[PDB]
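Undergrad: My questions will all concern the structure given below.
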């Protein structure tokens, strides 16, 4: 699908964070929320439409809020929410 690149990138980040979290490099409780600046940076700054930003924005916040898991598996669970919500359909094919 058209979506594989976005998906792979989110997949990669999740996995990296997981590995780092395992390594005791990251703390899963800092991932309990997210700023508007981070959001812009992973939406518009990378090809999400201005018009669509809030729509992606909502999925990210819902997902983050929905994941009350606070171990290293949080990173992977959040990614699961993002795929479940089809977040990648809002991004361009190449990125």
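Numbering (PDB author numbering), first residue to last: 1 to 95. Backbone N, C-alpha and C fix where the C-beta goes; we use that ideal spot for every residue, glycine too.
1. Pick helix, strand or coil for residue 57, following the three-state DSSP scheme.
2. Please classify residue 15: is it buried, with 16 or more other beta-carbons within 10 angstroms of its beta-carbon, or exposed?
3. Look at the Cβ atom of residue 62, then the Cβ atom of residue 85, and state whether they are nearer than 9 Å.
4. Provide the residue span of the alpha helix (DSSP H) that contains residue 27, from first to last.
5. According to the Cβ coordinates, are residue 23 and residue 43 closer than 9 Å?
6. Take residue 92 and list the residues in its own chain whose beta-carbon comes closer than 7 Å to its own, dropping the five residues that flank it on each side.
7. Does DSSP classify residue 72 as helix, strand or coil?
8. Pick helix, strand or coil for residue 9, following the three-state DSSP scheme.
9. Taking all protein chains shown into account, do 16 or more other C-beta atoms lie within 10 angstroms of the C-beta of residue 19, making it buried, or fewer, making it exposed?
TA: Taking the geometry as given:
1. The three-state secondary structure of residue 57, taken from DSSP, is helix.
2. Residue 15 is exposed by the Cβ-count criterion.
3. yes
4. Premise fails: residue 27 is in no alpha helix (DSSP H) and is neither H nor E.
5. no
6. Within the same chain, residue 92 has close Cβ partners 47.
7. coil
8. Three-state DSSP puts residue 9 in a helix.
9. exposed
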